[PDB]
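Source file: query.cif (mmCIF, N, CA and C atoms and all ligand atoms)
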data_protein
#
loop_
_atom_site.label_atom_id
_atom_site.label_comp_id
_atom_site.auth_asym_id
_atom_site.auth_seq_id
_atom_site.Cartn_x
_atom_site.Cartn_y
_atom_site.Cartn_z
N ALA M 1 19.83 7.54 4.52
CA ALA M 1 18.75 8.25 3.80
C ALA M 1 17.56 7.33 3.55
N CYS M 2 16.36 7.91 3.46
CA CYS M 2 15.14 7.14 3.22
C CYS M 2 14.92 6.91 1.74
N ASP M 3 14.48 5.71 1.38
CA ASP M 3 14.17 5.42 -0.01
C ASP M 3 12.79 6.00 -0.29
N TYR M 4 11.94 5.99 0.74
CA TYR M 4 10.58 6.53 0.68
C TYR M 4 10.31 7.28 1.98
N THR M 5 9.84 8.51 1.87
CA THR M 5 9.53 9.34 3.03
C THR M 5 8.04 9.70 3.02
N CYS M 6 7.31 9.15 3.99
CA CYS M 6 5.87 9.41 4.13
C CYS M 6 5.70 10.24 5.40
N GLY M 7 5.63 11.55 5.24
CA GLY M 7 5.53 12.41 6.41
C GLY M 7 6.86 12.32 7.13
N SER M 8 6.84 11.88 8.38
CA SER M 8 8.07 11.73 9.15
C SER M 8 8.52 10.28 9.17
N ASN M 9 7.75 9.40 8.53
CA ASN M 9 8.09 7.98 8.47
C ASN M 9 9.11 7.70 7.37
N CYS M 10 10.18 7.01 7.75
CA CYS M 10 11.28 6.68 6.86
C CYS M 10 11.31 5.19 6.51
N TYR M 11 11.23 4.88 5.21
CA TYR M 11 11.25 3.50 4.75
C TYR M 11 12.37 3.22 3.75
N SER M 12 12.94 2.02 3.84
CA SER M 12 13.97 1.58 2.92
C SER M 12 13.30 0.62 1.94
N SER M 13 14.02 0.23 0.89
CA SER M 13 13.50 -0.70 -0.10
C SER M 13 13.16 -2.04 0.52
N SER M 14 13.94 -2.42 1.52
CA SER M 14 13.73 -3.67 2.24
C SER M 14 12.41 -3.68 3.01
N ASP M 15 12.08 -2.55 3.63
CA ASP M 15 10.83 -2.41 4.37
C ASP M 15 9.66 -2.60 3.40
N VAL M 16 9.76 -1.94 2.25
CA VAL M 16 8.73 -1.97 1.24
C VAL M 16 8.57 -3.40 0.69
N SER M 17 9.67 -4.04 0.31
CA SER M 17 9.62 -5.41 -0.24
C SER M 17 8.98 -6.38 0.73
N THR M 18 9.32 -6.26 2.00
CA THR M 18 8.77 -7.14 3.03
C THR M 18 7.26 -6.97 3.18
N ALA M 19 6.80 -5.72 3.24
CA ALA M 19 5.37 -5.43 3.35
C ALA M 19 4.63 -5.92 2.11
N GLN M 20 5.19 -5.63 0.93
CA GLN M 20 4.60 -6.04 -0.35
C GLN M 20 4.43 -7.55 -0.43
N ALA M 21 5.46 -8.30 -0.03
CA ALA M 21 5.42 -9.76 -0.06
C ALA M 21 4.29 -10.33 0.77
N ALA M 22 4.12 -9.81 1.98
CA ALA M 22 3.06 -10.25 2.89
C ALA M 22 1.69 -9.97 2.27
N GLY M 23 1.54 -8.75 1.75
CA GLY M 23 0.28 -8.36 1.13
C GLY M 23 -0.07 -9.15 -0.11
N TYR M 24 0.91 -9.39 -0.98
CA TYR M 24 0.67 -10.14 -2.20
C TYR M 24 0.31 -11.59 -1.89
N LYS M 25 0.91 -12.16 -0.84
CA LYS M 25 0.61 -13.54 -0.47
C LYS M 25 -0.86 -13.67 -0.09
N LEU M 26 -1.34 -12.74 0.74
CA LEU M 26 -2.73 -12.74 1.16
C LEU M 26 -3.65 -12.60 -0.06
N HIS M 27 -3.28 -11.72 -0.99
CA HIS M 27 -4.06 -11.53 -2.20
C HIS M 27 -4.17 -12.83 -3.01
N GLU M 28 -3.05 -13.53 -3.16
CA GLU M 28 -3.02 -14.79 -3.90
C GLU M 28 -3.92 -15.84 -3.27
N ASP M 29 -3.89 -15.90 -1.94
CA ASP M 29 -4.70 -16.88 -1.21
C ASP M 29 -6.15 -16.47 -1.03
N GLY M 30 -6.51 -15.27 -1.47
CA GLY M 30 -7.88 -14.80 -1.33
C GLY M 30 -8.29 -14.59 0.12
N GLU M 31 -7.37 -14.09 0.93
CA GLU M 31 -7.65 -13.85 2.34
C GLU M 31 -7.38 -12.39 2.68
N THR M 32 -7.95 -11.94 3.80
CA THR M 32 -7.78 -10.56 4.25
C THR M 32 -7.53 -10.48 5.76
N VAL M 33 -7.01 -9.34 6.22
CA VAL M 33 -6.76 -9.11 7.65
C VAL M 33 -7.21 -7.70 8.00
N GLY M 34 -7.66 -7.51 9.24
CA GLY M 34 -8.12 -6.21 9.68
C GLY M 34 -9.59 -5.96 9.41
N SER M 35 -10.15 -4.97 10.09
CA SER M 35 -11.56 -4.62 9.94
C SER M 35 -11.87 -3.98 8.59
N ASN M 36 -10.85 -3.42 7.94
CA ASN M 36 -11.04 -2.79 6.64
C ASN M 36 -10.61 -3.69 5.49
N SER M 37 -10.41 -4.96 5.81
CA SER M 37 -10.05 -5.99 4.84
C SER M 37 -8.88 -5.72 3.90
N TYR M 38 -7.66 -5.85 4.42
CA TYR M 38 -6.47 -5.65 3.61
C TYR M 38 -5.89 -7.01 3.25
N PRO M 39 -5.37 -7.15 2.03
CA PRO M 39 -5.32 -6.09 1.02
C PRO M 39 -6.63 -5.96 0.30
N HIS M 40 -6.86 -4.80 -0.29
CA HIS M 40 -8.04 -4.62 -1.09
C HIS M 40 -7.73 -3.70 -2.26
N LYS M 41 -8.65 -3.65 -3.22
CA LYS M 41 -8.44 -2.84 -4.40
C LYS M 41 -8.26 -1.35 -4.14
N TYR M 42 -7.27 -0.78 -4.83
CA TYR M 42 -6.98 0.64 -4.76
C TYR M 42 -7.41 1.17 -6.13
N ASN M 43 -8.44 2.00 -6.15
CA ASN M 43 -8.98 2.53 -7.40
C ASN M 43 -8.21 3.64 -8.11
N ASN M 44 -7.27 4.25 -7.40
CA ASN M 44 -6.46 5.35 -7.93
C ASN M 44 -7.30 6.58 -8.31
N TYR M 45 -8.21 6.97 -7.41
CA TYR M 45 -9.06 8.14 -7.62
C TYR M 45 -8.17 9.39 -7.70
N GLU M 46 -7.02 9.31 -7.04
CA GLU M 46 -6.05 10.41 -7.01
C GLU M 46 -5.43 10.65 -8.38
N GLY M 47 -5.39 9.60 -9.19
CA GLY M 47 -4.83 9.73 -10.52
C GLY M 47 -3.32 9.77 -10.59
N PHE M 48 -2.64 8.97 -9.77
CA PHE M 48 -1.17 8.92 -9.79
C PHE M 48 -0.75 8.24 -11.09
N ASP M 49 0.36 8.68 -11.68
CA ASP M 49 0.84 8.06 -12.91
C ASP M 49 1.82 6.91 -12.65
N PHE M 50 1.27 5.77 -12.25
CA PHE M 50 2.05 4.58 -11.96
C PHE M 50 2.64 4.00 -13.25
N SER M 51 3.84 3.43 -13.14
CA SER M 51 4.54 2.84 -14.28
C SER M 51 4.05 1.45 -14.64
N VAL M 52 3.36 0.79 -13.71
CA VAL M 52 2.84 -0.56 -13.95
C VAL M 52 1.32 -0.55 -14.13
N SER M 53 0.79 -1.61 -14.74
CA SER M 53 -0.64 -1.70 -15.02
C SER M 53 -1.53 -2.11 -13.87
N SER M 54 -2.80 -1.71 -13.97
CA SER M 54 -3.81 -2.04 -12.97
C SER M 54 -4.26 -3.48 -13.24
N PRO M 55 -5.06 -4.08 -12.33
CA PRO M 55 -5.58 -3.52 -11.08
C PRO M 55 -4.52 -3.33 -10.00
N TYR M 56 -4.80 -2.43 -9.07
CA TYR M 56 -3.89 -2.12 -7.97
C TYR M 56 -4.52 -2.56 -6.65
N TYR M 57 -3.67 -2.90 -5.69
CA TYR M 57 -4.12 -3.32 -4.37
C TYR M 57 -3.30 -2.58 -3.32
N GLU M 58 -3.96 -2.15 -2.25
CA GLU M 58 -3.26 -1.44 -1.20
C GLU M 58 -3.07 -2.32 0.02
N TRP M 59 -1.91 -2.17 0.65
CA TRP M 59 -1.54 -2.93 1.83
C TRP M 59 -0.78 -1.98 2.76
N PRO M 60 -1.12 -1.97 4.05
CA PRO M 60 -0.44 -1.08 4.99
C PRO M 60 1.03 -1.40 5.24
N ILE M 61 1.85 -0.36 5.38
CA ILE M 61 3.25 -0.53 5.72
C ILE M 61 3.37 0.25 7.02
N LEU M 62 3.94 -0.39 8.04
CA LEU M 62 4.06 0.21 9.37
C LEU M 62 5.45 0.72 9.72
N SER M 63 5.49 1.89 10.37
CA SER M 63 6.76 2.50 10.77
C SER M 63 7.48 1.69 11.85
N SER M 64 6.75 0.79 12.50
CA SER M 64 7.32 -0.05 13.55
C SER M 64 8.25 -1.09 12.96
N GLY M 65 8.07 -1.39 11.68
CA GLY M 65 8.89 -2.38 11.02
C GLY M 65 8.20 -3.74 10.98
N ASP M 66 7.09 -3.87 11.70
CA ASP M 66 6.33 -5.11 11.73
C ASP M 66 5.42 -5.21 10.51
N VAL M 67 4.99 -6.43 10.20
CA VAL M 67 4.09 -6.64 9.08
C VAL M 67 2.68 -6.48 9.64
N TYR M 68 1.83 -5.77 8.92
CA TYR M 68 0.45 -5.54 9.34
C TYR M 68 -0.31 -6.85 9.59
N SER M 69 -0.97 -6.94 10.74
CA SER M 69 -1.72 -8.14 11.10
C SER M 69 -3.09 -7.81 11.69
N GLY M 70 -3.46 -6.53 11.63
CA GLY M 70 -4.75 -6.13 12.17
C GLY M 70 -4.62 -4.87 13.01
N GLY M 71 -5.76 -4.29 13.37
CA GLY M 71 -5.75 -3.07 14.16
C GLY M 71 -5.54 -1.88 13.25
N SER M 72 -5.11 -0.76 13.83
CA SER M 72 -4.87 0.45 13.06
C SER M 72 -3.78 0.25 12.01
N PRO M 73 -4.08 0.58 10.75
CA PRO M 73 -3.13 0.44 9.64
C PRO M 73 -2.20 1.64 9.49
N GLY M 74 -2.41 2.67 10.30
CA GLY M 74 -1.58 3.86 10.20
C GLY M 74 -1.96 4.63 8.94
N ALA M 75 -1.09 5.54 8.51
CA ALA M 75 -1.39 6.34 7.33
C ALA M 75 -0.69 5.91 6.04
N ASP M 76 0.28 5.00 6.14
CA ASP M 76 1.06 4.58 4.97
C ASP M 76 0.64 3.28 4.31
N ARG M 77 0.77 3.23 2.98
CA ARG M 77 0.40 2.04 2.21
C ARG M 77 1.37 1.74 1.07
N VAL M 78 1.49 0.46 0.72
CA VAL M 78 2.30 0.06 -0.42
C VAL M 78 1.22 -0.38 -1.42
N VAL M 79 1.38 0.04 -2.66
CA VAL M 79 0.43 -0.30 -3.71
C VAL M 79 1.12 -1.22 -4.71
N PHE M 80 0.55 -2.40 -4.93
CA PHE M 80 1.12 -3.36 -5.87
C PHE M 80 0.05 -3.84 -6.85
N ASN M 81 0.46 -4.50 -7.92
CA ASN M 81 -0.51 -4.99 -8.89
C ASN M 81 -0.61 -6.52 -8.94
N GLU M 82 -1.33 -7.02 -9.94
CA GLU M 82 -1.55 -8.46 -10.12
C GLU M 82 -0.27 -9.29 -10.30
N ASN M 83 0.77 -8.67 -10.86
CA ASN M 83 2.05 -9.33 -11.10
C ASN M 83 3.07 -9.11 -9.99
N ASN M 84 2.59 -8.66 -8.83
CA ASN M 84 3.44 -8.36 -7.68
C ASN M 84 4.50 -7.31 -8.02
N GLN M 85 4.11 -6.33 -8.83
CA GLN M 85 5.00 -5.23 -9.19
C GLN M 85 4.63 -4.05 -8.31
N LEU M 86 5.63 -3.36 -7.79
CA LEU M 86 5.40 -2.21 -6.94
C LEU M 86 4.96 -1.02 -7.78
N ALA M 87 3.78 -0.50 -7.47
CA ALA M 87 3.26 0.66 -8.19
C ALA M 87 3.76 1.91 -7.50
N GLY M 88 3.81 1.87 -6.17
CA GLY M 88 4.29 3.02 -5.42
C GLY M 88 3.97 2.97 -3.94
N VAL M 89 4.44 3.97 -3.21
CA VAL M 89 4.22 4.08 -1.78
C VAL M 89 3.48 5.40 -1.56
N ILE M 90 2.31 5.31 -0.92
CA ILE M 90 1.46 6.47 -0.67
C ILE M 90 1.09 6.66 0.81
N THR M 91 0.56 7.84 1.14
CA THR M 91 0.20 8.15 2.52
C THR M 91 -0.95 9.15 2.65
N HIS M 92 -1.65 9.06 3.77
CA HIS M 92 -2.74 9.98 4.09
C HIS M 92 -2.14 11.24 4.72
N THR M 93 -0.90 11.12 5.19
CA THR M 93 -0.19 12.23 5.83
C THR M 93 0.02 13.38 4.85
N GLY M 94 -0.46 14.56 5.22
CA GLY M 94 -0.31 15.72 4.35
C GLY M 94 -1.36 15.83 3.26
N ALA M 95 -2.39 14.99 3.34
CA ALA M 95 -3.48 14.99 2.37
C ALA M 95 -4.80 15.21 3.10
N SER M 96 -5.73 15.93 2.45
CA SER M 96 -7.03 16.22 3.04
C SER M 96 -7.87 14.97 3.22
N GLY M 97 -8.61 14.92 4.32
CA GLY M 97 -9.47 13.79 4.61
C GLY M 97 -8.84 12.43 4.41
N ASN M 98 -9.50 11.60 3.60
CA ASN M 98 -9.01 10.26 3.32
C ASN M 98 -8.32 10.10 1.97
N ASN M 99 -7.82 11.22 1.45
CA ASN M 99 -7.09 11.21 0.19
C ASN M 99 -5.65 10.77 0.47
N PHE M 100 -4.90 10.52 -0.59
CA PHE M 100 -3.51 10.11 -0.49
C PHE M 100 -2.61 11.02 -1.31
N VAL M 101 -1.33 11.05 -0.93
CA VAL M 101 -0.29 11.77 -1.67
C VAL M 101 0.83 10.74 -1.71
N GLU M 102 1.75 10.88 -2.66
CA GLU M 102 2.85 9.93 -2.76
C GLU M 102 3.93 10.25 -1.75
N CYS M 103 4.63 9.22 -1.31
CA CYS M 103 5.73 9.40 -0.39
C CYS M 103 6.91 9.79 -1.31
N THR M 104 7.71 10.75 -0.87
CA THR M 104 8.84 11.23 -1.66
C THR M 104 10.14 10.43 -1.49
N1 LIG M 201 -8.46 7.89 -1.29
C1 LIG M 201 -8.68 6.71 -1.87
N2 LIG M 201 -9.29 5.73 -1.19
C2 LIG M 201 -9.48 4.60 -1.92
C3 LIG M 201 -9.13 4.39 -3.23
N3 LIG M 201 -9.50 3.11 -3.63
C4 LIG M 201 -10.06 2.60 -2.57
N4 LIG M 201 -10.09 3.44 -1.48
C5 LIG M 201 -10.63 3.16 -0.11
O1 LIG M 201 -11.46 4.22 0.41
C6 LIG M 201 -11.02 4.51 1.77
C7 LIG M 201 -10.20 5.83 1.76
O2 LIG M 201 -9.47 6.08 2.97
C8 LIG M 201 -10.17 3.30 2.20
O3 LIG M 201 -10.99 2.14 2.55
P1 LIG M 201 -10.90 1.46 4.02
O4 LIG M 201 -11.30 2.57 4.93
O5 LIG M 201 -11.87 0.34 3.92
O6 LIG M 201 -9.49 1.03 4.16
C9 LIG M 201 -9.48 3.05 0.88
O7 LIG M 201 -8.94 1.76 0.90
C10 LIG M 201 -8.48 5.43 -3.94
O8 LIG M 201 -8.07 5.36 -5.09
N5 LIG M 201 -8.29 6.57 -3.19
CA CA M 202 13.06 0.27 8.40
#

Could you write out this structure as C-alpha cells?
Ligand SMILES: Nc1nc2c(ncn2[C@@H]2O[C@H](CO)[C@@H](OP(=O)(O)O)[C@H]2O)c(=O)[nH]1
Ligand SMILES: [Ca+2]
Amino acid sequence: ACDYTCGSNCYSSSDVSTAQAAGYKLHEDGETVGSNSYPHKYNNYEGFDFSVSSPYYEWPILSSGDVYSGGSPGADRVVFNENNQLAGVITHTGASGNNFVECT
C-alpha cells in the first residue's frame, strides 16, 4: 500500500524521507537546482492546515525513485519547514492550472 498517493504515483515514507533530506540539505547550504530554483518557498496559497509551522519550502519528489537534480520536476512535491519537519506531500495532479491538492 502507498503511504502517499499523488494521482497514480505511489510513495512510501522512505521515498518521502529521501527526497526531503536532499531538499533540506540544499536549503541549508543556500543552493538551488533546476530552472525553477528548487527548493524554494511555498506560500501555501491553497491554505492547507499543516501541523508544523512556517516558513515552508517545496522540493520535487519523483516517481522514478531518483532524487531531483534538474529538468522537469513532475507534478509532485514534498513540503518541509525550517526544522526539517515534513509538512506534507502535495501535487498538481487533479488540481486546476498550477494549484495543488494534497496526496492521499
Ligand atoms: N500553487 C502554488 N504555487 C506556489 C505557492 N508558493 C509558491 N508557488 C510557486 O508558484 C508556481 C506554481 O506552480 C511554482 O513556481 P515555479 O514555477 O517557479 O516552480 C510554485 O513553486 C503556493 O502556495 N501555491
Ligand atoms: Ca518508491

Could the residues that lie within 8 Å of ligand LIG 201 (chain M), counting only C-alpha atoms and all ligand atoms, be listed as a PyMOL selection string? chain M and resi 35-38+40-47+58+92+97-100

Per-residue nearest contacts of chain M to ligand CA 202 (chain M) (6.5 Å; all atoms listed in the file) as a tab-separated table:
residue	atom	partner	partner_atom	distance
M:10	C	M:CA202	CA	5.6
M:11	CA	M:CA202	CA	5.2
M:12	N	M:CA202	CA	4.9
M:15	CA	M:CA202	CA	5.3
M:65	CA	M:CA202	CA	5.6

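Interatomic distance, atom N of residue 34 (chain M) to atom N of residue 70 (chain M): 4.9 Å.
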
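Distances to residue 76 (chain M) were evaluated for M:6, M:18, M:13, M:95 using all atoms listed in the file, and the minimum falls at M:6.
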
Can you work out the spacing between CA of residue 53 (chain M) and CA of residue 89 (chain M) in Å, to one decimal? 15.2 Å

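The shortest atom-to-atom distance to residue 104 (chain M), with only C-alpha atoms taken into account, belongs to M:88 out of M:88, M:50, M:33, M:73.
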
If we count all atoms listed in the file, what is near residue 90 (chain M) at a cut-off of 6.5 Å, once residues fewer than 5 positions away on the same chain are taken out, given as a PyMOL selection string? chain M and resi 6+75-79+100-103
